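Visitor: Sharing a structure with you now.
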Amino acid sequence: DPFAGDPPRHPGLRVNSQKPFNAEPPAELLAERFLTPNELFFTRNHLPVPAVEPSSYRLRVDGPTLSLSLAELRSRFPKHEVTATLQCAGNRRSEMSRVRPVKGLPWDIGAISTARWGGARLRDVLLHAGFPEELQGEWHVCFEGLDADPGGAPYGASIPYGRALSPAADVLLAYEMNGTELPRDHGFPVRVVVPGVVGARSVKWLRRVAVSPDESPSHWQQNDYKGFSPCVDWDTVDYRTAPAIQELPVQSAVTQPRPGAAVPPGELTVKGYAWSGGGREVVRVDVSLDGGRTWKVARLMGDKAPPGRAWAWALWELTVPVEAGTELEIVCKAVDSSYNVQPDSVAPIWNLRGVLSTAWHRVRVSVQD
Amino acid sequence: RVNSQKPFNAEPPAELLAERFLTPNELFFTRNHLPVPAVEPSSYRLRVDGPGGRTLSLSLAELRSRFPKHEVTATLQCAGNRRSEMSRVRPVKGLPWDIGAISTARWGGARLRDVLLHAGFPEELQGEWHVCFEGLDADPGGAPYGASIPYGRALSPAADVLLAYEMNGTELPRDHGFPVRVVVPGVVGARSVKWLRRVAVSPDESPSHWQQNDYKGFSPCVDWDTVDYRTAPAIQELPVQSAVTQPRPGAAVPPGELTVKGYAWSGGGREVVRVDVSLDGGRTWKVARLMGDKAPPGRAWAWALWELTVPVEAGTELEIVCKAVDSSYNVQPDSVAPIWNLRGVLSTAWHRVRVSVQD
Ligand SMILES: Nc1nc2c(c(=O)[nH]1)N[C@H]1C(S)=C(S)[C@@H](COP(=O)(O)O)O[C@H]1N2
Ligand SMILES: Nc1nc2c(c(=O)[nH]1)N[C@H]1C(S)=C(S)[C@@H](COP(=O)(O)O)O[C@H]1N2
Ligand SMILES: [Mo]
Ligand SMILES: [Mo]
């Protein structure tokens with residue numbers, strides 16, 4: 001059992017896979033706090049979790065070569081904090097499966113969580129390694145984790161050089177999560193946090209940072225996490241025909257009430273989350289009780305972030321009167337700062353991996369007598 | 001097609017709209033809120049001012065000679081493009097545009113960035129600053145057309161904001177802002193202020209009617225008795241968009257093969273990564289061929305023209321639908337009612353075109 005050393009996890013989590021460990025918090029706990037407690041933050045591991053002795057750990061940065069200890073990472077670079085939501089490419093995959101079977105972890109609406117991350121700015125570490133603030137043409141910063149497949153290939157990913165060097169992009173080499181040291185499942189001792197970008201690129205248990213003229217050659221950068229036409233099937237898919245998912249599109253889901261519930265008549269408070277990639281804020285959330293025919297505007301909770309740096313989700317709520325003995329089909333949809341919107345239905349956005357599941361979330365409940 | 005004479009507003013015929021990557025100056029859609037100014041070029045001056053910047057008064061000759069000419073091929077799409085689709089759901093207030101309030105040109109001019117830096121403004125300002133524009137066109141009272149963009153976009157080298165005096169290789173036409181306009185790539189046409197008289201750096205958004213009390217998106221539930229422009233942000237970047245230009249609604253096409261064509265575009269420099277095309281009303285899809293050359297990442301200011309040749313069977317009915325996907329994997333929604341708004345702006349639900357196949 002290569003997973004014999006994996007860490008202990010909270011019992012309240014909805015485990016989608018044990019070995020490797022993948023789990024999401026239940027819907028009723030998911031949006032209870034703006035910052036998702038470390039114990040409930042969703043967990044996505046492709047491989048066994050590395051057991052890292054903090055003292056001997058070294059971060060390799062291949063400059064135009066650094067070997068940074070955890071103590072150096074902490075002391076040499078000013079600590080910055082960024083509150084960012086990580087959403088998995090597979091969040092809401094369960095919706096896709098309802099149309100046609102897909103390949104992937106059966107996530108519901110909880111493959112998304114939010115934390116206040118603390119660490120060194122990737123920008124500062126790269127400038128310290130001797131790299132220039134700017135590089136002409138399309139360059140990339142590649143990441144490798146300490147976790148590896150049977151063949152010894154590590155988990156890896158990349159982001160464009162521009163994003164890595166940009167102060168406003170808030171890309172961190174994080175060693176703290178919600179004020180405490182990074183948990184093992186979340187990348188102890190160091191992970192990359194890439195705000196506004198799909199979770200896949202936020203490499204945990206970071207071993208190496210390199211600059212390259214090309215994207216990471218990792219399996220998960222080249223041959224996974226892309227969107228295709230709904231017509232594409234396993235016999236025709238060609239990962240060269242689409243871009244790696246970086247920024248994600250606008251998203252929202254209803255966390256309260258839950259599907260199949262019978263709610264009391266009178267007033268009903270509907271709640272959920274909304275978020276969009278690339279630091280685009282959520283400017284509105286529309287909520288319907290009649291299956292998307294008529295809408296009401298939800299209250300957006302929380303504090304406004306600077307323009308282009310809305311890395312954290314918006315929690316929303318709406319209290320509405322409901323009549324005894326009626327059926328409700330509760331639907332939410334969000335609008336971001338570029339006026340991007342969510343689509344009505346899943347079949348037209350369907351894909352063989354069930355990624356990029358952003359059609360409206362629909363929750364059916366009945367109202368008691 | 002002219003939607004209005006006084007003031008003048010017009011769009012090119014759908015049959016020519018997407019026939020050339022660069023829209024000829026004579027066909028490029030025209031949206032004018034006010035009478036078109038008659039600008040005498042020698043006496044014209046562009047005023048540039050603001051806190052911590054030297055006030056400039058630039059002649060057309062100096063704008064051309066002092067600043068290095070930059071060329072940017074950028075698509076301008078009006079907020080009301082495809083308004084007709086909104087009116088079919090419920091009547092709205094606005095020009096009755098069809099799919100042609102969008103056009104593309106190669107613009108040439110001074111970088112707004114260079115002009116502001118020349119005036120002494122810094123590359124970055126803390127807080128949320130804006131760059132305000134005022135046109136020479138004005139209402140009978142005298143308020144000019146105006147707009148603004150965030151200071152960060154104005155100063156970004158990558159954002160390609162121009163003070164353009166050339167359009168597709170020739171002098172800027174009168175209807176398109178002669179002698180000078182702002183071109184704001186990847187942003188709604190409303191902010192590309194024509195007949196530019198002033199550029200001002202300000203800590204606040206432009207107080208213009210068209211910045212404060214127009215060009216915003218609202219929930220479909222909002223009506224005239226409840227609309228409050230303070231509740232929404234000014235449209236700046238636009239969402240992913242596409243439409244079919246060939247064939248045209250109600251066409252009877254010959255059997256055999258059919259070449260479906262159209263355009264696709266997305267705001268904020270996000271490239272179009274795919275266009276899906278259906279012939280059965282959105283039940284099944286095929287992938288269209290994207291025409292033209294790639295642009296650098298984050299600077300896809302120009303539309304992608306697309307086409308798909310498909311076999312069609314005699315005597316059948318088709319419902320042709322297209323939808324586009326951008327670099328952040330944003331998508332177009334299925335239907336118009338849920339994106340409906342009282343001004344019929346931001347019309348990006350799937351375009352559907354019904355045709356029959358002879359015989
Ligand atoms: N090294 C390493 N990094 C990783 C992964 C991985 O398996 N190994 N999974 C990725 C995926 S696909 C996502 S969604 C996020 C999940 O971060 P979390 O488990 O801390 O929520 O981590 C990313 N980083
Ligand atoms: N001075 C001024 N500039 C303006 C206009 C206006 O009425 N006056 N209309 C705006 C609108 S709403 C749009 S859609 C574009 C259209 O530019 P075009 O006419 O060159 O296509 O110009 C913008 N610039
Ligand atoms: Mo993921
Ligand atoms: Mo417009």
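By convention in this document, the chains of the structure tokens carry letters A, B, ... by their order, each chain's residues are numbered from 1, and ligands are numbered from 1 in the order they are shown.
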Tell me as a ChimeraX atom specification which residues belonging to chain A come within 9 Å of chain B, counting only C-alpha atoms.

Guide: /A:137-138,227-232,241-243,245-250,277-278,283-286,292-297,306-307,337-345,347-349,356,359

Visitor: Let me have all residues with an atom within 7 Å of ligand 4, counting only C-alpha atoms and all ligand atoms, laid out as a PyMOL selection string.

Guide: chain B and resi 31+78-80+188-190

Visitor: Near residue 5 in chain B, within 12 Å and counting only C-alpha atoms, which residues show up once chain neighbours fewer than 5 positions away are dropped, as a PyMOL selection string?

Guide: chain B and resi 10+30-36+95

Visitor: So that I have them on file, write out the residues from the current selection with N, CA and C atoms, as a JSON list (two decimals), in the first residue's frame.

Guide:
[["chain", "number", "residue", "atom", "x", "y", "z"],
["B", 10, "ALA", "N", -25.99, 52.86, -38.42],
["B", 10, "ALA", "CA", -26.16, 51.90, -39.47],
["B", 10, "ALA", "C", -25.24, 50.70, -39.29],
["B", 30, "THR", "N", -21.80, 52.15, -37.96],
["B", 30, "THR", "CA", -21.73, 53.50, -37.45],
["B", 30, "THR", "C", -22.75, 53.72, -36.36],
["B", 31, "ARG", "N", -22.26, 54.15, -35.20],
["B", 31, "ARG", "CA", -23.12, 54.50, -34.09],
["B", 31, "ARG", "C", -22.76, 55.90, -33.59],
["B", 32, "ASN", "N", -23.71, 56.83, -33.81],
["B", 32, "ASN", "CA", -23.60, 58.22, -33.44],
["B", 32, "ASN", "C", -24.77, 58.64, -32.54],
["B", 33, "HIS", "N", -24.49, 59.11, -31.34],
["B", 33, "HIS", "CA", -25.55, 59.60, -30.47],
["B", 33, "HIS", "C", -26.02, 60.99, -30.82],
["B", 34, "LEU", "N", -25.16, 61.75, -31.50],
["B", 34, "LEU", "CA", -25.31, 63.18, -31.68],
["B", 34, "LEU", "C", -24.88, 63.62, -33.06],
["B", 35, "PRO", "N", -25.17, 64.88, -33.42],
["B", 35, "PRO", "CA", -24.71, 65.30, -34.75],
["B", 35, "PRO", "C", -23.20, 65.15, -34.89],
["B", 36, "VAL", "N", -22.76, 64.78, -36.09],
["B", 36, "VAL", "CA", -21.35, 64.55, -36.35],
["B", 36, "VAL", "C", -20.61, 65.88, -36.51],
["B", 95, "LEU", "N", -31.53, 50.99, -30.19],
["B", 95, "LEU", "CA", -31.48, 50.86, -31.65],
["B", 95, "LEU", "C", -31.72, 49.41, -32.07]]

Visitor: Give me the residues near residue 208 in chain A as a ChimeraX atom specification, where near means some atom within 9 Å (using only C-alpha atoms) and where sequence neighbours in that chain fewer than 5 positions away do not count.

Guide: /A:58-62,142-146

Visitor: Excluding range 18-24 of chain B and residues on its chain fewer than 2 positions from it, collect all residues at most 7 Å away from it, counting only C-alpha atoms, and give them as a PyMOL selection string.

Guide: chain B and resi 16+26-28+103-105+245+262-263+305

Visitor: Taking the DSSP assignment computed from this structure's backbone, write out as a ChimeraX atom specification all residues of range 74-110 of chain B that belong to strand (DSSP E or B).

Guide: /B:74-77,102-110

Visitor: DSSP on the backbone: what in range 70-273 of chain B comes out alpha helix (DSSP H), as a count of residues only?

Guide: 23

Visitor: Enumerate residues in contact with ligand 3: an atom-to-atom distance of at most 6 Å, counting only C-alpha atoms and all ligand atoms. Format the result as a PyMOL selection string.

Guide: chain A and resi 88-89+199-200

Visitor: Find the spatial neighbours of residue 58 in chain B, counting only C-alpha atoms, within a cut-off of 10 Å - ignore same-chain residues fewer than 2 positions away - and output them as a list in words.

Guide: residues 44, 45, 46, 47, 48, 55, 56, 60, 61, 62, 63, 64, 66, 115 and 197 of chain B

Visitor: Step by step, measure atom-to-atom distances between ligand 1 and each residue using only C-alpha atoms and all ligand atoms, keep those at most 9 Å, then write them as a PyMOL selection string.

Guide: chain A and resi 20+22-24+41-50+86-91+111-113+143-148+154-157+183+185-187+191-193+198-207+220+225

Visitor: Could you tell me which of A:164, A:73, A:51, A:289 comes closest to residue 322 in chain A if we count only C-alpha atoms?

Guide: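 So, comparing all the options, the nearest one is A:289.
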
Visitor: Can you list, as a ChimeraX atom specification, every protein, DNA or RNA residue that comes within 8 Å of residue 321 in chain B when you count only C-alpha atoms, leaving out same-chain residues fewer than 5 positions away?

Guide: /B:244,277-282,350-353

Visitor: Given only C-alpha atoms and all ligand atoms as the basis, pick out the residue of B:159, B:117, B:131, B:183 nearest to ligand 2.

Guide: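 Comparing B:159, B:117, B:131, B:183 against ligand 2, the winner is B:183.
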
Visitor: Just give me the gap between CA of residue 209 in chain A and CA of residue 226 in chain A in Å, one decimal is fine.

Guide: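 Between CA of residue 209 in chain A and CA of residue 226 in chain A the gap is 22.8 Å.
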
Visitor: Separation of CA of residue 114 in chain A and CA of residue 71 in chain A, in Å?

Guide: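 CA of residue 71 in chain A lies at a distance of 26.0 Å from CA of residue 114 in chain A.
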
Visitor: For a quick check of understanding, using only C-alpha atoms, which of A:253, A:105, A:35, A:303 has the smallest distance to residue 18 in chain A?

Guide: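 Among the listed residues, A:105 lies closest to residue 18 in chain A.
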
Visitor: Could you tell me how far CA of residue 258 in chain B sits from CA of residue 316 in chain B, in Å to one decimal place?

Guide: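 CA of residue 258 in chain B lies at a distance of 12.7 Å from CA of residue 316 in chain B.
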